[PDB]
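Visitor: According to the entry's author numbering, the residues represented by the sequence shown are 31 to 57, 59 to 84, 87 to 290, in order. Once you've had a glance at the structure underneath, I'll fire off some questions.
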Amino acid sequence: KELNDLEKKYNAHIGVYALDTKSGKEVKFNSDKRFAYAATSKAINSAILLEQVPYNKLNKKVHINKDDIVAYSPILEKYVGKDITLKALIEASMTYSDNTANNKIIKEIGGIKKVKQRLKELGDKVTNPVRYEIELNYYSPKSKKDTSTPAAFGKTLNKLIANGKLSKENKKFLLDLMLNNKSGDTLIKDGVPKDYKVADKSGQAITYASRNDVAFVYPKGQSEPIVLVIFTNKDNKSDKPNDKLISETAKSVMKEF
């Protein structure tokens with residue numbers, strides 16, 4: 031189904047970038064338009080850390098104190114005054130979209146500045162990390178803060194994860210978390226065929242019904258994934274998102290492969 035029709039039906043804006051890493055075939060629709068990426072960036076942050084810490090060293094611990102805690106940290110809030118391994122920081126951020134786990138991960142990498150430097154190195158001059166959780170969710174269409182375009186984000190996920198410098202172990206670890214995440218079930222996972230394995234990370238900013246999902250979709254029989262980025266927003270600050278838009282956009286898009 032035409033994506034413009036999907037936009038029409040949902041009165042939302044859609045940004046898609048799909049890349050079948052086996053063939054190199056790309057599907059694009061508003062792929063160079065900026066969207067607040069929200070929690071989908073957790074995938075990017077976790078992957079950058081895993082480039083620098087071998088699987089075996091994920092047992093290393095970090096101390097968490099009261100200053101680390103930000104809103105919506107279902108796992109990390111129980112860790113004040115305690116220490117936590119890097120493994121569990123990643124599991125929390127990925128599976129529960131723990132905000133404190135994410136910020137901590139960023140801190141471990143060296144700060145936002147270091148994350149930006151690494152995106153530039155991968156050739157991504159678009160994805161613009163500026164704020165930490167949860168401020169990164171205050172999206173304003175008039176601001177480039179914490180936004181990326183589906184094409185940029187999608188090329189970065191491909192380079193970081195689908196075909197980057199991660200070991201076997203750390204790739205499996207990150208992907209298993211994305212495959213089992215129950216939070217993206219009403220999204221990409223909901224619109225692709227049941228044959229398809231979907232490893233995703235969703236996100237939702239506070240404003241303009243900014244709702245997203247990024248995934249590594251593995252068609253039945255294909256070991257190479259298809260990287261799929263779906264960013265969506267609406268015109269009003271207070272609009273609520275309808276997850277069916279992402280489910281349907283994914284369904285349309287999968288027909289191209």
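Even for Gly, the Cβ is constructed at its ideal location relative to N, Cα and C.
Excluding the 5 residues flanking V113 on each side, which residues of the same chain have their C-beta closer than 7 Å to its C-beta?
Guide: The answer, listed in chain order, is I97, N98, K99, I102.
Visitor: Closer than 7 Å by C-beta to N41: which residues in its own chain qualify, once you throw out the five before and the five after it? Chain order, please.
Guide: Same-chain partners within the cutoff: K267.
Visitor: Drop a sphere of 10 angstroms on the beta-carbon of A104, count the other beta-carbons inside from all chains shown, and report buried for 16 or more, exposed for fewer.
Guide: Its Cβ having fewer than 16 others within 10 Å, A104 is exposed.
Visitor: List, from N- to C-terminal side, the beta strand (DSSP E) runs of 3 residues or more that fit wholly inside the region 198 to 264.
Guide: The region 198 to 264 contains these whole beta strand (DSSP E) runs: 230 to 237, 244 to 251.
Visitor: Nearest to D218 by CA position, among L207, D228, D209, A232, is which residue?
Guide: Checking every option, the nearest Cα to that of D218 belongs to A232.
Visitor: Alpha carbon to alpha carbon, how far is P174 from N89?
Guide: Answer to the nearest angstrom: the Cα atoms are 42 Å apart.
Visitor: In whole angstroms, give me the CA-to-CA distance for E281 and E289.
Guide: Distance between the alpha carbons of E281 and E289: 14 Å.
Visitor: Could you give the residue range of the alpha helix (DSSP H) that holds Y129?
Guide: Element bounds for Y129: 119 to 129.
Visitor: By the 10 Å Cβ neighbour count, where 16 or more other Cβ atoms means buried, how is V163 classified, buried or exposed?
Guide: Classification for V163: exposed.
Visitor: For the pair the region 181 to 201 and the region 147 to 162, tell me if three or more CB-CB distances fall below 8 Å.
Guide: The region 181 to 201, when compared against the region 147 to 162, does touch it at the 8 Å Cβ threshold.
Visitor: Assign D246 to buried or exposed, taking buried as 16 or more other Cβ atoms, counted over all protein chains shown, within 10 Å of its Cβ.
Guide: The residue is buried, with at least 16 neighbouring Cβ atoms inside 10 Å.
Visitor: For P87, count the other beta carbons within 10 Å of its own beta carbon; 16 or more makes it buried, fewer makes it exposed. Which is it?
Guide: So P87 counts as exposed.
Visitor: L220 and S235 - do their beta-carbons sit closer together than 8 Å?
Guide: Yes; because the gap between Cβ atoms is below 8 Å, this pair is in contact.
Visitor: On the premise that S126 lies in contact with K73, defined as a C-beta separation below 8 Å, what is that separation, rounded to the nearest angstrom?
Guide: At roughly 5 Å, the Cβ-Cβ gap stays under 8 Å, so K73 and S126 are in contact.
Visitor: Would you list the residues sitting across from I79 in a DSSP beta bridge?
Guide: Paired residue(s): none; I79 is not in a bridge.
Visitor: Could you please give the first and the last residue of the uninterrupted beta strand (DSSP E) stretch that includes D63?
Guide: Careful: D63 lies outside any beta strand (DSSP E) and carries neither H nor E.
Visitor: Hey, out of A69, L81, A238, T128, whose CA is closest to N214's CA?
Guide: Taking only the C-alpha atoms, the option nearest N214 is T128.
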